[PDB]
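Undergrad: got a sequence here, can you model it:
(one chain, ligands or ions: 1)
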Amino acid sequence: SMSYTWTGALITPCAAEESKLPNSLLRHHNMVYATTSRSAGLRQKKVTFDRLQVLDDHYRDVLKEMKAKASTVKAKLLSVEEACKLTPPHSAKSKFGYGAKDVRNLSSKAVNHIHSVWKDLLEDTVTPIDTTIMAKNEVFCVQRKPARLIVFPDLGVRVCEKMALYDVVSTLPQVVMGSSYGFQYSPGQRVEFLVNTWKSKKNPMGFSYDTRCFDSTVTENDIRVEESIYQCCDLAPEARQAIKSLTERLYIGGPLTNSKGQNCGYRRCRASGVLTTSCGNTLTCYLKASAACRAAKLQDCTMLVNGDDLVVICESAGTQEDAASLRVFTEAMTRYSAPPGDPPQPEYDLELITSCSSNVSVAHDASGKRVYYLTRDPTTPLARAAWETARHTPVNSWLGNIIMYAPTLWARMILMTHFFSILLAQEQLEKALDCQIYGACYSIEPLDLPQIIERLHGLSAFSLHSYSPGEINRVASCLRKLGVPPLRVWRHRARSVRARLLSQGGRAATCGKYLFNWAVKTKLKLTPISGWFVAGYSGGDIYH
Ligand SMILES: Cc1ccc2oc(=O)ccc2c1
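TA: Numbering: from 1, shown residues only. Have a look at this structure:
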């Protein structure tokens, strides 16, 4: 059916959206923008299209295998307390007279509404449930993106989704998909898995596969198959019912309502802001892509899936032969309703593959041993840092990036330096901050960063040094592009920040010792001193 239909009501912003940047970080302010509701119409047109889906034996057989692993999962209901506790403090308020504070505080109004909504889910498995549609405000750098579309139900329901399904989405995928399930990995563990399966092959080939607006390609069938996979678990008979009702009344589609309460149309594909979105997309992508691998007769495949993001590493059959089987894989994905954005291409070098917006690169530790780490073109992370350093923002990409990308040349020399300089200057190293990891919101203390890095990465991450020239280029190149100081300058700024940090002692001294040991010249020798990378909750309204 049609992915979306539109009345003509506009997608309407709730508050004023600043499209541009209000300068110690980057001179070229004008290359940095935020998407707004102004660009909705374009995104609307890219994401709205009909879906033809043609299954086959290869799909049916994979689905049957998934279902048998799923059948060995036990999962439980969460109490309202447990589900209320998972809500982020600044989650959108309900239209029925209570917000997230009340949810978090177990106010008997919020609880009693939630009981009413849970009750309605069990009595009625048919009425589509309302959703709100919103343009996202996301920052990037020039060379332009239309705002992405978020779609989400009222708070009362979000809390019900938790009761019904939090344990399924936190436990099932890793059982069904084993090592393919990407969100069970920290960065370090992810590099290790990619690198080791690269070396496990006689003659390796790998490829990323970019699905054209994945959410829109997901059909109502896809979502019901998905439901049927959850039902394989040993579930409470009430949980079994709420899940049926949630998928029929919400996951499958429903009316779309703007900030003004006008009706915008009707969704028949994935909602990006429900609890199952991450688990759904991951299971759905793993299913089709596994099917696609069989159609293409790809030998000895390893997959790594993160929502709609896919990498495959396998045995080469030769260059002609690989390219040809890649096209088959693509025809097969396209039959299953998941056609390609960029055409997918074979790569014979692990470092040249991008997945979850990252590629492996190689460097050396203090002994001179070769160490692998994940990195990326740093344009967006710097862009959003420039923004977060400028306007005030409730979420901090920079800290997330520090954590995700601690070993990188760009995160060490630029981010840590910049933000520790700012916290230092505003006497604010102590304040916990909200950042996002695999879509869950964590409150994190910057002073704890050394411990966090040693655990997610290893002591090596404070001492890496002979970075690949390709990496080094992309970095200084990005910096020229954006108008940010060259790396020589950061080294000098870091030397100073290192020093002030040490002069404060305790944990700020530890930050000085460990984080900026790269900057010194003659190095201090460094000695040693979660429930975090377990599953994906993007769009899922989660707080740990
Ligand atoms: C390990 C790893 C790799 C890529 C990622 O991409 C993201 O957008 C968010 C988190 C993340 C984590």
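Undergrad: part of a helix, is residue 265?
TA: No: under DSSP: H, G, I helix; E, B strand; the rest coil, residue 265 falls outside any helix and is assigned strand.
Undergrad: let's number from 415 now, not from 1
TA: Noted, 415 is the first residue going forward, which turns the last one into residue 679.
Undergrad: can you count the residues close to it?
TA: If you count neighbours by other C-beta atoms under 10 Å, residue 679 ends up with 19. For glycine as for every other residue, the C-beta is placed from the backbone atoms N, C-alpha and C.
Undergrad: quick one, what contacts residue 851?
TA: Residues near residue 851 by C-beta atoms under 8 Å, 6 or more residues apart in numbering: 814, 817, 818, 946, 947.
Undergrad: do residue 481 as well
TA: 642, 643, 646.
Undergrad: are any of the contacts of residue 851 buried, and which?
TA: By neighbour count, with 16 or more other C-beta atoms under 10 Å, the contacts of residue 851 hold 814, 817, 818, 947 as buried.
Undergrad: would you confirm that the third one contacts residue 601?
TA: Right, residue 818. Yes: counting by C-beta atoms under 8 Å, residue 818 sits close enough to residue 601 to count as a contact (5.8 Å).
Undergrad: shared neighbours of the two, anything?
TA: Joint contacts of residue 818 and residue 601 (C-beta under 8 Å, 6+ apart) are residue 788.
Undergrad: still on that earlier bit, now narrow the contacts of residue 851 to whatever sits close to the ligand.
TA: Filtering the contacts of residue 851 for proximity to the ligand by C-beta under 6 Å from any ligand atom leaves residue 818.
Undergrad: quick check, nearest of the contacts of residue 851 to residue 472?
TA: Residue 472 lies nearest to residue 947 out of these, by C-beta to C-beta, at 31.1 Å.
Undergrad: report the contact partners of the closest residue to that closest one other than its chain neighbours.
TA: The shortest distance from residue 947 to any non-neighbouring residue, by C-beta to C-beta, 6 or more residues apart in numbering, is to residue 600 (4.3 Å). With contact set as C-beta under 8 Å, 6+ apart, residue 600 has these partners: 870, 871, 946, 947.
Undergrad: can you check residue 807 too?
TA: residue 801.
Undergrad: just to be sure, it is in a strand?
TA: No: with three-state DSSP as the criterion, residue 807 is assigned coil and is not in a strand.
Undergrad: and it, how far is that from residue 847?
TA: 11 Å (C-beta to C-beta, to the nearest Å).
Undergrad: picking up where we left off before, which one (most neighbours) among the contacts of residue 481?
TA: With neighbours defined as other C-beta under 10 Å, the most crowded of these is residue 643; it has 25 neighbours.
Undergrad: nearest residue to the closest residue to the ligand within the stretch 515-664 of the chain in space, ignoring adjacent ones along the chain?
TA: Scanning the stretch 515-664 of the chain for the residue nearest the ligand gives residue 601, at 3.8 Å (criterion: C-beta to the nearest ligand atom). Once flanking residues are discounted, residue 601 sits nearest to residue 788: 4.9 Å by C-beta to C-beta, 6+ apart.
Undergrad: count the residues that sit near that neighbour.
TA: 22.
Undergrad: ok, it to residue 885 distance?
TA: According to C-beta to C-beta, residue 788 stands 11 Å off from residue 885.
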